[PDB]
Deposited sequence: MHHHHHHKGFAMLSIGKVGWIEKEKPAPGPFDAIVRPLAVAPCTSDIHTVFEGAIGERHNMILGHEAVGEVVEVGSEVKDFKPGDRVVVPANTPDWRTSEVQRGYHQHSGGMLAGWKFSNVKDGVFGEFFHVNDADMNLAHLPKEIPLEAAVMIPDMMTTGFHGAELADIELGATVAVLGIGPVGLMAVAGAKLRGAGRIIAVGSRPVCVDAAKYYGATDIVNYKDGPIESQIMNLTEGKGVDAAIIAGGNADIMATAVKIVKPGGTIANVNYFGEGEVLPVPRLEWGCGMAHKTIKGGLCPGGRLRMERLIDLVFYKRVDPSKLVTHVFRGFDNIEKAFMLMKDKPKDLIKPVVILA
């Protein structure tokens, strides 16, 4: 019996008592050391993104310490400091063998935390297939930087990877939230040249400039498409990454990308003509990549100072009782907030 911050119903949250999870032969029990609320939790609680839930613990971004393992777990033991990916696929299924985007398949059943399984906002949580999902966290990486790996960094970096960025190419990132900031960082990591970031919030604009954006487009000089086309002298961009917005941002991305380019869509929750190139494009989407290898490679990127995700963390809280406060801060989204982190 442990504590957990759970969704009572659509629009209701509170602290409840639940039975302490037990690990199977291939599972592990992890207690969190640092957690971070996400906009997905808010969409679930208040927008009914995944339907109706009752007494479901929220949260899917945690860095924790292993406290219990199954009998068949070999690579991790209690006391090990680990990074828990947000997506934890089932690896004992032939579906994982299918594979796409140069990674493993079956990445639809991996979205378990806070969807069909208790989240990380508790004293303990359950990780399936621990040897296939968990990754060791070196002691030289701070907790606030490490907690950005499980969801934000992996989603943004996969958005950059799917954009088919060539060396020196011009890349546009629509939406400069945390996922968009990580998309800018990933575009820089892919050898992009000019990077155009679309956004208006001063703190997000400063973060985008820090992470490698060379041009900032504000939705006050005029339409986004006109500004971007004027920036590139009518040539457009080689690739665009969609990280936030509404359906109009998809039309804008189609408008601004050159024929043969790629539009990557990682934002969670027309006709072919001879004289118009708007339909001569590739649109790739997916919240695919999770697992131990992905986490290990991101950890290697952080460890060797290729990227510093600490700039995403604008608010730091101490103690278990501040999870609700961080969630509320995520709800009302003040102007100076990018991503809050609770250190346990």
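Where C-alpha coordinates are absent, the deposited sequence of this PDB chain has the segments 1-5, 275-282, 358.
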